[PDB]
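Student: Experimental structure below, sequence on top.
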Number of protein chains: 2
Amino acid sequence: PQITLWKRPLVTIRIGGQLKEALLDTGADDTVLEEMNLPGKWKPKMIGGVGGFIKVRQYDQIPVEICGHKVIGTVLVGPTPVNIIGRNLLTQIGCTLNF
Amino acid sequence: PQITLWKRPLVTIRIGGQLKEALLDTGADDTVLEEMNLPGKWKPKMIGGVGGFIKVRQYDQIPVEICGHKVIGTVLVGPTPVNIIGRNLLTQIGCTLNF
Ligand SMILES: CC(C)CN(C[C@@H](O)[C@H](Cc1ccccc1)NC(=O)O[C@H]1CO[C@H]2OCC[C@H]21)S(=O)(=O)c1ccc(N)cc1
């Protein structure tokens, strides 16, 4: 689709078997999801935004479905206030910004 | 133009007479710039991101030059780690996400 920005650009994703709403976020390097119990190997990481840093669990090579696009990559899990789809996955769905 | 997301979508803006680099940020409701002087009336606001909230100066009706496009809207100034162009101004340049 072509998504305008008058409202937040929210999409449905599926990850670890669960459906979620997430924000398509060109300002995010990495995808970051709210706290959930994902199985798999992970390593700790700190990410910085407005307000400072959060500790996240970094899971590599995770399958995610985003509006019908089946992708595989890194997902960070921790205390973000909103589920965010970052550039690492935006590039896999072929997302561009146009003006 | 159409901007891919392999790299951060960084652009040159002009605000208050000065050239700056900024991030085109679809996950930001609002435009937030690093501490700077700016003429005009302002009022204090809190804005919230990953890590918590920061206190900013809200200036309304500020002209911003973005990639050759002159727009006018709200600019928040404060201790953000990066200059971020949010939807309030992305909409003014006709920006969309496409995939
Ligand atoms: C500040 C950016 C350089 C990076 N941020 C992404 C950004 O799009 C967040 C994404 C975001 C969105 C909502 C809540 C938290 C974070 N937006 C944000 O801080 O916007 C603020 C300014 O306008 C307001 O509207 C939304 C919050 C305010 S970030 O969330 O901190 C972030 C940082 C690193 C990664 N990997 C993923 C996300």
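Tutor: Good, I have the coordinates. Residues are numbered from 1 along each chain as shown, chains lettered A, B, ... in the order given.
Student: check contacts around residue A:34.
Tutor: Residue A:34 sits next to A:20, A:77, A:79-83 when contact means Cβ atoms under 8 Å, 6 or more residues apart in numbering or on different chains. Where C-beta positions appear, they are placed from N, C-alpha and C, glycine not excepted.
Student: what comes into contact with stretch A:3-15?
Tutor: Stretch A:3-15 is touched from outside by A:19-24, A:33, A:38, A:62-67, A:75, A:83, A:85, B:26-27, B:29, B:87, B:90-91, B:95-98, with contacts defined as Cβ under 8 Å, 6+ apart.
Student: 7 Å - rerun?
Tutor: A:19-24, A:33, A:62, A:64-67, A:75, A:85, B:26, B:87, B:90-91, B:95-97 (Cβ atoms under 7 Å, 6 or more residues apart in numbering or on different chains).
Student: likewise stretch A:75-84?
Tutor: A:15, A:20-23, A:25, A:28, A:30-36, A:38, A:45, A:47, A:54-59, A:62, A:64, B:27, B:48, B:50.
Student: what comes up buried for that stretch?
Tutor: Of the residues in stretch A:75-84, A:75-78, A:80, A:82-84 count as buried by neighbour count, 16 or more other Cβ atoms under 10 Å in any protein chain shown.
Student: Output it as CSV, nothing but the C-alphas.
Tutor: This file holds the C-alpha atoms of stretch A:75-84, laid out as CSV (Å, rounded to 0.1, in the frame of the first residue of the first chain):
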residue,chain,number,x,y,z
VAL,A,75,13.9,-8.5,16.9
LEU,A,76,14.7,-6.7,20.1
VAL,A,77,12.4,-7.3,23.0
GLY,A,78,12.0,-5.0,26.0
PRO,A,79,10.3,-2.1,27.7
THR,A,80,9.4,0.0,24.7
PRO,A,81,6.1,1.8,25.0
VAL,A,82,5.0,0.8,21.5
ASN,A,83,5.9,-2.0,19.2
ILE,A,84,8.2,-0.7,16.5
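Student: Please, where are all the helices along chain A?
Tutor: Under the criterion DSSP state H, chain A contains helices at A:87-93.
Student: I am finished for the moment; much appreciated.
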